[PDB]
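To keep things clear, I will list the structure first and then write my remarks on it.
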Amino acid sequence: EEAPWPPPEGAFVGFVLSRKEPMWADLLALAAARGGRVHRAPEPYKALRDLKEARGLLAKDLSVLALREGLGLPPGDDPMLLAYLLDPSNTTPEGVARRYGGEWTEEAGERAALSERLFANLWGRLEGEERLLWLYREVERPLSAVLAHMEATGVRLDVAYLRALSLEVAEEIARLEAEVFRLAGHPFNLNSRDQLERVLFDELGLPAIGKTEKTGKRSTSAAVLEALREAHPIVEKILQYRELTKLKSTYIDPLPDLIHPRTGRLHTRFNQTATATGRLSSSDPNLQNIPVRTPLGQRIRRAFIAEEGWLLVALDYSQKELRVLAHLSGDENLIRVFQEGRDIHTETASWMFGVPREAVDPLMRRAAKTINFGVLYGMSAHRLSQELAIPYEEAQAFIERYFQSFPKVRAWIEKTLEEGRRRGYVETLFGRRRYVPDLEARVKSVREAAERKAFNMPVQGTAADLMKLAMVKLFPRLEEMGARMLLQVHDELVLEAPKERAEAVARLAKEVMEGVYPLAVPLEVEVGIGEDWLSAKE
DNA sequence: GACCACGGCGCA
DNA sequence: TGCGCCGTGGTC
Ligand SMILES: Nc1ncnc2c1ncn2[C@H]1CC[C@@H](COP(=O)(O)OP(=O)(O)OP(=O)(O)O)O1
Ligand SMILES: [Mg+2]
Ligand SMILES: [Mg+2]
Ligand SMILES: [Mg+2]
Ligand code: NA
């Protein structure tokens with residue numbers, strides 16, 4: 001059992017933080033284990049210097065805290081990553097111990113011993129799983145070191161800008177609230193959907209379309225209000241009000257208060273075992289849902305800036321998941337569109353409408369996007385009729401016309417579900433698996449929900465695999481050029497480069513990303529450079 | 001002060 | 001399709 005600090009080489013680490021965010025955490029305890037023998041650090045911060053590598057459960061979090069302290073402690077093996085590859089429903093140390101053995105406690109020594117035991121257990125289970133092993137060695141394990149650097153680096157925020165924006169938005173919010181109260185004939189809490197439901201459907205007697213899932217209230221969702229956009233002018237004002245309060249409560253107000261005292265920057269967490277499909281997620285705060293789609297929303301992006309003397313480089317894969325779908329399905333028409341360098345959404349609109357290529361306006365292109373994404377998500381003709389604001393039968397017609405233009409997409413969905421029923425799981429191009437139960441359920445709604453999850457995963461997950469692999473390849477090149485990787489948003493990366501290097505970094509990053517893994521179609525990357533995230537989008 | 005479920009909505 | 005965070009309403 002016990003033995004004196006320091007631990008031997010290759011030992012597994014255990015640690016306890018005062019809070020979940022490693023950039024903010026006090027390191028309460030540090031221990032290590034090897035051969036079941038546990039070493040406990042008398043003083044954790046000092047002991048941190050004695051480690052060569054962070055090897056154990058949640059290795060990346062310890063590495064981030066180390067980098068914060070000025071120490072170069074790279075994360076190595078982590079049983080969480082092995083478990084996540086075996087089955088992406090394995091998302092937490094608590095859950096992994098419960099499933100495979102042992103107990104996740106709040107004591108660093110026990111956590112270190114548990115890390116060692118779970119590693120041996122899960123490594124053995126991956127014996128012979130060559131494609132999952134490749135993902136571990138070539139994507140996930142090296143990716144964790146990249147993520148550690150991204151987290152510790154953080155991103156600079158224009159706090160003064162957001163403070164000013166806050167005053168501006170507040171004035172607009174107050175104006176709209178007054179108008180809404182005027183139309184309703186009395187004040188209420190406009191932020192309470194319960195109070196709004198009564199006002200709209202009981203007091204003003206507007207027709208109530210949909211109901212909410214768990215409790216069966218009359219919905220006030222944007223989708224419901226959209227269809228009432230003329231049944232009363234109060235609805236227009238409510239939707240405007242909601243857009244602004246969303247921006248204010250979620251981004252404008254909270255973000256400026258999260259600037260770190262040492263770095264003077266904002267630090268997110270990139271969670272590596274958090275999704276069913278192999279995507280990353282981001283939290284504390286989430287920087288993967290910064291507004292960008294509307295003019296009002298875009299203003300938030302201006303707040304994300306480069307260090308003095310640096311620039312942001314923003315790179316995004318064009319129509320990434322549709323290119324992946326083209327590769328997986330082998331559809332000749334999809335592949336041809338991308339091969340010919342044509343715009344997939346415009347080619348789709350030309351076919352979905354009266355054509356030709358040149359006659360496709362901005363409205364039609366936006367409609368084609370909606371149809372295309374619908375296909376990816378298996379969205380219903382009802383949902384599509386809502387989004388497009390067209391009759392139900394017209395949305396039905398569009399979905400059928402889609403599969404006429406891209407027939408092998410339908411065949412691919414069927415092949416994917418056929419094999420999924422047989423094997424109990426589906427997989428990405430590189431062999432990342434998701435176990436999807438209920439593919440043969442006897443209740444149609446349950447079965448069909450499982451089907452949509454199952455055929456989407458190889459697309460979403462292959463795209464995630466390719467992005468992760470691109471990050472692993474790109475990081476070392478950026479290091480050699482004195483540049484930094486800051487953010488990933490699924491199909492997009494944001495880098496930071498000294499001004500004099502930015503052009504060279506952008507050129508190299510584009511080539512690394514486009515060439516990450518050749519497919520039946522080219523991967524195209526759009527790149528922009530600017531002093532802020534909005535202006536960088538070029 | 002802290003926890004939660006729900007409806008709702010931001011991004012991919 | 002996949003996420004994480006918001007305020008409200010409720011609770012301990
Ligand atoms: N309104 C929406 N609904 C569902 N998914 C959406 C979406 N908007 C985006 N996504 C998802 C799906 C795609 C991904 C990125 O959105 P891009 O805007 O970049 O769509 P892209 O295919 O590249 O078309 P392009 O940019 O040339 O107009 O996020
Ligand atoms: Mg795009
Ligand atoms: Mg984007
Ligand atoms: Mg929820
Ligand atoms: Na239901």
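First the proteins, then the strands, lettered A, B, ... as listed; each starts at 1. What you see below is based on every heavy atom in this structure, not just the backbone, and it leaves out hydrogens, waters and symmetry mates.
Atom-to-atom, CG of A:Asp284 to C1' of C:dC6 comes out at 14 Å; the value is rounded to the nearest Å. At whole-Å resolution of the value, CG in A:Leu287 and P in B:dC11 are 14 Å apart. We find that CZ of A:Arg279 is positioned 8 Å from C1' of C:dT1, with the value rounded to whole Å. As rounded to whole Å, 12 Å separates atom P of B:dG8 from atom CD1 of A:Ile209. Computed from coordinates, the A:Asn191 CG to B:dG7 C1' distance equals 13 Å when rounded to whole Å. In this structure, CD of A:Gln288 is placed 11 Å from P of C:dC5, rounded to the nearest angstrom. As a whole-Å value, the separation of A:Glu213 CD from B:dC9 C1' is 17 Å. Between the CZ atom of A:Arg434 and the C1' atom of C:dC3 there is a distance of 12 Å, rounded to whole Å.
Of the residues in residues 237-252 of chain A, those lying under 4.0 Å from DNA chain C by heavy-atom distance are A:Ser249, A:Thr250.
Considering only side-chain N and O atoms, A:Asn189 lies under 4.0 angstrom from the phosphate OP1 or OP2 of C:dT8. Of the side-chain N and O atoms in A:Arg301, none sit less than 4.0 angstrom from OP1 or OP2 of B:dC11. A close approach under 4.0 Å does not occur between any side-chain nitrogen or oxygen of A:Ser283 and OP1 or OP2 of C:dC3. Under 4.0 angstrom from either OP1 or OP2 of C:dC3 there lies no side-chain N or O belonging to A:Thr275. For B:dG7, one of the phosphate oxygens OP1 or OP2 lies less than 4.0 angstrom from a side-chain nitrogen or oxygen of A:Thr215.
Taking only side-chain atoms of A:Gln460, from C-beta outward, the nucleotide of C:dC5, C:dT1, B:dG7 with the closest atom is C:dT1. The A:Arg193 side chain lies nearest to B:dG7 when the options are C:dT1, B:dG10, B:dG7. For A:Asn456, the side-chain atoms get nearest to C:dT1 when compared with the rest of C:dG2, C:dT8, C:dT1. Comparing atom distances between the A:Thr220 side chain and each of B:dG8, C:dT1, C:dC5 picks out B:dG8 as nearest. With distances taken from any side-chain atom of A:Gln195 to the nucleotides C:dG2, C:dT1, C:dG9, the minimum falls on C:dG9. Counting only heavy atoms from C-beta on, A:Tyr377 has its side chain closest to C:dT1 among C:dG9, C:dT1, B:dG10. Checking C:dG2, B:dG7, C:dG4 against the side-chain heavy atoms of A:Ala274 singles out C:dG4 as nearest. Of the candidates C:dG4, B:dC11, C:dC3, B:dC11 carries the atom nearest the A:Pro291 side chain, counting heavy atoms from C-beta on. Taking every side-chain heavy atom of A:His490 into account, C:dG2 is the closest of C:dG2, B:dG10, B:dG7.
Contact annotation for A:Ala463: no contact, since no heavy-atom pair falls under 4.0 Å across all strands. Among the protein residues, A:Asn289 comes within range of the nucleic acid bases, having at least one heavy atom under 4.0 Å from a base atom. A:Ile290 comes within contact range of the sugar-phosphate backbone alone, with a heavy-atom separation under 4.0 Å but no base atom that close. Nucleic acid contact for A:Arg383: none, since no nucleic acid atom lies under 4.0 Å from a heavy atom of the residue.
Classified by interplanar angle (parallel below 30°, tilted 30° to 60°, perpendicular above 60°), the ring pair A:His345/A:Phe373 is perpendicular. Using bins of under 30°, 30° to 60° and over 60° for the plane-to-plane angle, the ring pair A:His260/A:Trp24 lands in the tilted bin.
Judged by the 6.0 Å and 45° rule, A:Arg433 forms a cation-pi pair with A:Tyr425.
Put simply, the residue from A:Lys473, A:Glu140, A:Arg279 that forms a side-chain contact (heavy atoms from CB on, under 4.5 Å) with A:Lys468 is A:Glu140. Exactly one residue among A:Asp316, A:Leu474, A:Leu487 makes a side-chain contact (heavy atoms from CB on, under 4.5 Å) with A:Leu493. That residue is A:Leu474.
Under the 3.5 Å distance criterion, the side-chain polar atoms of A:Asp532 are matched with a main-chain donor or acceptor of A:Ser535.
A positive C1'-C2'-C3'-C4' angle places the sugar of C:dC6 in the north (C3'-endo) family.
Under the 4.5 Å side-chain criterion, counting only non-hydrogen atoms from C-beta, A:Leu519 is not in contact with A:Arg323.
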